[PDB]
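Chemist:
2 protein chains.
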Amino acid sequence: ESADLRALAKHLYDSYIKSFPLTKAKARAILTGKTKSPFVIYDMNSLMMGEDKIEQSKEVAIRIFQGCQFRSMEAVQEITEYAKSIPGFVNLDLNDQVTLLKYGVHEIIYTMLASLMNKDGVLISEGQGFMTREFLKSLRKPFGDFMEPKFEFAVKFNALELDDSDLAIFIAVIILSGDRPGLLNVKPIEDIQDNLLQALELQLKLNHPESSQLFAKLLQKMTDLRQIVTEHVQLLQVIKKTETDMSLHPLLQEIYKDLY
Amino acid sequence: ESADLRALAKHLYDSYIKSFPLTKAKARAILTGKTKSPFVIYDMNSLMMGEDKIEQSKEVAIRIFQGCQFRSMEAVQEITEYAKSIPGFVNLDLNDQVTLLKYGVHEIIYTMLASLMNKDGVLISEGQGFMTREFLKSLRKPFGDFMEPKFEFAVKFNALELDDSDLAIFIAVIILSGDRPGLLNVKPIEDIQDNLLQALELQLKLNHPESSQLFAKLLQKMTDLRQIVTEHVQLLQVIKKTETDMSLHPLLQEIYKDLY
Ligand SMILES: O=C(O)Cc1ccccc1Nc1c(Cl)cccc1Cl
Ligand SMILES: O=C(O)Cc1ccccc1Nc1c(Cl)cccc1Cl
Ligand SMILES: [Ca+2]
Ligand SMILES: [Ca+2]
Ligand SMILES: [Ca+2]
Ligand SMILES: [Ca+2]
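Protein chains in written order, with the entry's author numbering: chain A, 207 to 241, 244 to 262, 272 to 477; chain A', 207 to 241, 244 to 262, 272 to 477. A prime marks a further copy of an entry chain.
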């Protein structure tokens, strides 16, 4: 029923707002000067000014890649806490909850990252910096490309003009993907996802009534996100196998690993 | 200088207040009826009422032990975030930061747990429940004793009448313990700890002027906390080796382990 499907959407939106302080709405207000201004990092010189202006220094490409990777592991906390807020999720087998999050989190980071991006760059530091796409592309191989697949995805994705209320539900659908390798009980995952898919269809109808077959464009984009996490995962093996000794885990992840 | 030592103490107190929402002050107000009242769990019947009144059910002793263990891994987050707030900590080698937290966190949990305890029981659920000591002792072997060393430590510890401002510093001293096995650069750990020890001595002088040699009683208690984490660690091996398949890691710890 439409009452339920809307209350669910309203519930996910509120939890999203709770879990994720920097919203697409705010990010967009910052990117367009509706708001304060972020420090622009466009060259080595401004990177150095910038990182001063908001343990170890080692060559910049590594520091940048490392920051991205830390910010991503950092983000896992807010995403995990969001996923628990999804009706029926905390009632799945724990091994399945873990698997869903294991394969989902990068897809969600890239989705939310796009809220922070425009063809020219990306907001960092809770909106306090703006790093250009060409600056990132300027980094030496293999680092000069780690962000391009994200920018390429983001520009097409952002053309859809989704707003946080649609994203709250989109992200929930991706978490609950019953085809992750290694799942124990696929059925109750697909049940929940199909309520979620129906709340999403209704959402886009009301929210994007001049955009029929928009739901199908979004379904398309979940495929586009697998391609990106696979390129990213393969790039990471290559960096691990060619660039000795960078730390890619923030403190909390290191201690949770070690207490295990 | 005394200005510095006090500003440091003031800084640690504020970070403590930030990191740790349930303070000893509040806990004590609850335990004495200064405040609302917590649900008392004193028997199986009240445990069942209680756990209703605030994925799987398996025999109660395991559910209780499991909750304690989850709450402890949960607490690691707030402690980690507290430790970063300690001047010079985030400037140590990461491997050393990790080691300090690896061996420190249980000592701190037991210290802060004592803020939640009286000879008769312990507050749980952010102060919403009160589980009796005898109820915990009633659980079948080997569970009937996992909390007694904590109660025994807590009663003696609480006799010292420390208040959150002293605890803020105490906890910082324990984190920075330069004798943890496996530390790479012990020196800069002992430097920081000795500023911390001086801020603590000054703190107790001002805060407990009728209690000379109180500092030495607290130093004594860091030894008492090693004994408890060792009994706890050995009890845990025994439970792991005798009681199949309980989950002892909350979700975030499972995903951080798996993304590693
Ligand atoms: O900095 C932030 O808060 C945004 C964010 C979130 C997830 C992943 C990366 C980033 N930012 C960011 C990026 Cl997108 C690339 C390189 C370095 C950094 Cl610090
Ligand atoms: O419940 C809480 O918030 C307090 C807390 C903190 C750390 C460790 C354990 C506990 N509580 C608690 C205890 Cl002390 C024993 C058994 C079960 C529980 Cl849920
Ligand atoms: Ca600098
Ligand atoms: Ca619209
Ligand atoms: Ca029940
Ligand atoms: Ca006093």
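Beta carbons are placed, not taken as given, at the ideal position from N, Cα and C, and that holds for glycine.
(1) Based on Cα-Cα distance, which residue from A:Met-463, A:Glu-378, A:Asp-310 and A:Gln-415 lies nearest to A':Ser-464?
(2) Below 8 Å on the Cβ atoms is my contact criterion, and I expect A:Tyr-299 with A:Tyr-222 to pass it. Report the Cβ-Cβ distance as a whole number of Å.
(3) Is DSSP giving A:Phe-226 helix, strand or coil here?
(4) Looking at A':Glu-272 and A:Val-307, is the spacing between their C-beta atoms short of 8 Å?
(5) Please confirm whether A':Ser-342 has its beta-carbon closer than 8 Å to some beta-carbon of chain A.
(6) For A':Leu-340, which residues does DSSP report across the bridge?
(7) I'd like the list of long-range same chain contacts for A:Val-322, defined as Cβ closer than 6 Å, with 5 residues on each side in sequence excluded.
(8) So, for A:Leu-318: in the same chain, excluding its five sequence neighbours on each side, which residues have a beta-carbon less than 8 Å away from its beta-carbon?
(9) I'd like to confirm the pairing. Which residues does DSSP put opposite A:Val-248 in its beta bridges?
(10) Any residues in the stretch 298-318 of chain A' with a beta carbon nearer than 9 Å to a beta carbon of chain A? Which ones, in chain order?
(11) Is the separation between the beta-carbon of A':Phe-352 and that of A':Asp-251 shorter than 8 Å?
(12) For A':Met-257, name the three-state secondary structure that DSSP assigns.
(13) Do you know whose CA, among A':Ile-386, A':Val-403 and A':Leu-237, lies nearest A':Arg-212's CA?
(14) Taking only three categories from DSSP, how would you classify A:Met-334?
(15) A:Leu-311 by DSSP, collapsed to three states: which one?
(16) Counting contacts by CB-CB distance shorter than 8 Å, is A:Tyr-222 in contact with chain A'?
(17) Is it true that the CB of A':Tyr-219 sits closer than 8 Å to the CB of A':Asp-381?
(18) Considering Cα atoms alone, identify which of A:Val-315, A:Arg-280 and A:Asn-402 is closest to A':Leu-469.
(19) Is the beta carbon of A':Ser-225 closer than 8 Å to that of A':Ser-302?
(20) Excluding the 5 residues preceding and the 5 following A':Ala-233 in the sequence, name in chain order all residues of the same chain whose CB lies nearer than 7 Å to its CB.
(21) Take every Cβ of the stretch 346-364 of chain A, pair it with every Cβ of the stretch 277-291 of chain A, and state whether three or more of those distances are shorter than 8 Å.
(22) Consult DSSP for A':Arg-280 and reduce its assignment to one of helix, strand or coil.
(23) Taking Cβ positions, are A:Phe-247 and A:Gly-346 nearer each other than 8 Å?
(24) At a Cβ threshold of 8 Å, is A':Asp-441 touching chain A?
(25) With distances taken from each beta carbon to the nearest heavy atom of ligand 4, which residues come in below 6 Å, in chain order?
(26) Can you check whether the C-beta of A:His-466 is within less than 8 Å of a C-beta belonging to chain A'?
(27) Grab the span of the alpha helix (DSSP H) containing A:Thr-440 for me, first residue to last.
(28) Taking the beta carbon of A:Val-390 as the centre, do at least 16 other beta carbons fall within 10 Å, making it buried, or is it exposed?
(29) Determine the contact status of A:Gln-420 and A:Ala-215, defining contact as a CB-CB distance below 8 Å.
(30) Taking 8 Å as the threshold (C-beta atoms), are A':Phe-363 and A':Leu-431 in contact?
(31) What I want to know is whether the C-beta of residue 484 of chain A' ends up closer than 7 Å to one or more non-hydrogen atoms of ligand 2.
(32) Given the structure, does A:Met-364 come close to ligand 1, in the sense that its CB is under 7 Å from one of the ligand's heavy atoms?
(33) Determine the direct distance from the alpha carbon of A:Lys-336 to that of A:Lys-373, and round the result to whole angstroms.
(34) Taking 7 Å as the line, does the beta carbon of A':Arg-288 fall inside it for any heavy atom of ligand 2?
(35) Measuring only from the beta carbon, is A':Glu-259 closer than 7 Å to any heavy atom that is part of ligand 5?
(36) Output, in sequence order along the chain, the residues in the stretch 451-475 of chain A whose CB is closer than 8 Å to any CB in chain A'.
Modeler: Answer, in terms of the structure:
(1) Looking up residue 464 of chain A' in the second sequence gives position 247. Nearest option by C-alpha distance: A:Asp-310.
(2) As a working note, residue 299 of chain A is residue 82 in the first sequence. As a working note, residue 222 of chain A is residue 16 in the first sequence. With 8 Å as the limit, A:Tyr-299 and A:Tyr-222 qualify as a contact, their Cβ atoms being about 6 Å apart.
(3) For the purposes of this step, residue 226 of chain A is taken as residue 20 along the first sequence, with counting starting at 1. Correct three-state label for A:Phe-226: coil.
(4) Here residue 307 of chain A is taken as the residue at index 90 of the first sequence, counted from 1. Here residue 272 of chain A' is taken as the residue at index 55 of the second sequence, counted from 1. Yes.
(5) In the second sequence, counting from the first residue as 1, residue 342 of chain A' sits at position 125. For A':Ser-342, the answer is no, since every Cβ of chain A falls outside 8 Å of its Cβ.
(6) The residue you call residue 340 of chain A' lines up with position 123 of the second sequence. For A':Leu-340, which the question treats as bridged, DSSP gives the partners A':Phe-347.
(7) Taking the first sequence and counting its residues from 1, one reaches residue 322 of chain A at position 105. Contacts found: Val-293 and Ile-296.
(8) Position 101 of the first sequence holds residue 318 of chain A. Taken in chain order, the residues that qualify are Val-293, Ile-296, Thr-297, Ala-300 and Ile-392.
(9) Position 40 of the first sequence, counting from 1, holds the residue named residue 248 of chain A. According to DSSP, which records beta bridges pairwise, A:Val-248 is partnered with A:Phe-347.
(10) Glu-298, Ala-300, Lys-301, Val-307, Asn-308, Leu-309, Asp-310, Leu-311, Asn-312, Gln-314, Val-315, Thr-316 and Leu-318
(11) As a working note, residue 352 of chain A' is residue 135 in the second sequence. As a working note, residue 251 of chain A' is residue 43 in the second sequence. In contact: A':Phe-352 and A':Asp-251 (Cβ atoms closer than 8 Å).
(12) For this step, residue 257 of chain A' is matched to residue 49 along the second sequence. The answer is helix: DSSP assigns A':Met-257 an H, G or I state.
(13) Here residue 212 of chain A' corresponds to residue number 6 of the second sequence, with the count starting at 1. The shortest C-alpha separation from A':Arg-212 is found at A':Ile-386.
(14) The residue you call residue 334 of chain A lines up with position 117 of the first sequence. In this structure, A:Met-334 counts as strand in the three-state DSSP scheme.
(15) The count along the first sequence starts at 1 and reaches residue 311 of chain A at position 94. Helix, per DSSP.
(16) If you number the first sequence from 1, residue 222 of chain A lands on position 16. Answer no: the Cβ-Cβ gap between A:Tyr-222 and chain A' never drops below 8 Å.
(17) The residue labelled residue 381 of chain A' in the question sits at position 164 within the second sequence. The residue labelled residue 219 of chain A' in the question sits at position 13 within the second sequence. In this structure, A':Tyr-219 lies closer than 8 Å to A':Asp-381 by Cβ.
(18) Mapped onto the second sequence, residue 469 of chain A' falls at position 252. Nearest of A:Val-315, A:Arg-280 and A:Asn-402 to A':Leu-469, Cα basis: A:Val-315.
(19) Locating residue 302 of chain A' in the second sequence gives position 85, counting from the first residue. Locating residue 225 of chain A' in the second sequence gives position 19, counting from the first residue. Yes. Within cutoff.
(20) In the second sequence, counting from the first residue as 1, residue 233 of chain A' sits at position 27. So the list reads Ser-332, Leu-333, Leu-340 and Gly-344, once near-sequence residues are dropped.
(21) yes
(22) Mapped onto the second sequence, residue 280 of chain A' falls at position 63. Correct three-state label for A':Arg-280: helix.
(23) Against the first sequence, residue 247 of chain A aligns to sequence position 39. Against the first sequence, residue 346 of chain A aligns to sequence position 129. Yes, the Cβ-Cβ distance between A:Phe-247 and A:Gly-346 is below 8 Å.
(24) Sequence index remark: in the second sequence, residue 441 of chain A' carries index 224 (1-based). Not closer than 8 Å to any Cβ of chain A, the Cβ of A':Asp-441 fails to qualify, so no.
(25) A:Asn-424 and A:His-425
(26) Here residue 466 of chain A refers to the residue found at position 249 when the first sequence is read from its first residue. Yes, A:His-466 lies at the interface with chain A' (some Cβ there is under 8 Å from its Cβ).
(27) Reading the first sequence from its first residue, position 223 is the one you call residue 440 of chain A. Here the alpha helix (DSSP H) through A:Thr-440 covers 431-457.
(28) Taking the first sequence and counting its residues from 1, the one referred to as residue 390 of chain A is at position 173. Its Cβ being crowded by 16 or more others within 10 Å, A:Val-390 is buried.
(29) Within the first sequence, residue 420 of chain A is the residue found at index 203, counting from 1. Within the first sequence, residue 215 of chain A is the residue found at index 9, counting from 1. Contact: yes.
(30) Within the second sequence, residue 431 of chain A' is the residue found at index 214, counting from 1. Within the second sequence, residue 363 of chain A' is the residue found at index 146, counting from 1. No.
(31) For chain A', the structure presents residues 207 to 477; residue 484 of chain A' sits outside this window and is missing.
(32) Walking along the first sequence from the start, residue 364 of chain A turns up at place 147. Correct: A:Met-364 has its Cβ closer than 7 Å to ligand 1.
(33) Taking the first residue of the first sequence as 1, we reach residue 373 of chain A at position 156. Taking the first residue of the first sequence as 1, we reach residue 336 of chain A at position 119. So the alpha carbons of these two residues sit roughly 10 Å apart.
(34) By one-based count along the second sequence, residue 288 of chain A' stands at place 71. Correct: A':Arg-288 has its Cβ closer than 7 Å to ligand 2.
(35) Indexing the second sequence from 1 puts residue 259 of chain A' at position 51. For ligand 5, at least one heavy atom lies less than 7 Å from the Cβ of A':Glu-259.
(36) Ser-464, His-466, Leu-468, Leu-469, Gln-470, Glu-471, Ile-472, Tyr-473, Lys-474 and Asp-475
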